[PDB]
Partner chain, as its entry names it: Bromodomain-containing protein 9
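Starting off, we have a lone chain in the form deposited without its partner chain, written out as structure tokens.
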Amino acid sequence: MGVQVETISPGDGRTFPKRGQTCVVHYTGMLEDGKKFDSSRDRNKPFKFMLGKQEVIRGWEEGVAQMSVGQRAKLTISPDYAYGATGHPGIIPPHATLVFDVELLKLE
């Protein structure tokens, strides 16, 4: 599968990220069992990435593009849109489905 977007709280319903814009988000990443492996909130610093530059996994590129500014949403991402068969040594296992809690704070 790809990425499933499930809303948590609504944004403005009008402003969606376009390619080349910088997305400013807070996020929490969990394995399918619910174990947290990464979180910008624990660092108290939002995470920024430019859409369309492949600085993030494909599930983020296609999932955050479907969010409006101010929205919080749950992204469920299958391994092909994620870290794949390889996974990531010591953090992400092989063939992992990942769940992200993502809040799109603003676009720059």
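Residue numbers count along the first chain shown, from 1.
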Mean C-alpha B-factor comparison - 84-92 and 14-22, higher one:
84-92
Would you mind comparing 31-39 and 46-54 for me and telling me which has the higher average C-alpha temperature factor in the entry?
31-39
Rank-wise, by C-alpha B-factor, drop residue 8 into the lowest, middle or highest third of its chain.
middle
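Below, we refer to the form deposited with its partner chain bound, which is not included among the displayed structures.
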Hey, in the deposited complex, does residue 1 get a heavy atom within 4.5 angstroms of its partner chain?
yes
Within 4.5 Å of its partner chain in the deposited complex, which residues of 58-76 have a heavy atom? Give them in sequence order, or say none.
66, 74, 76
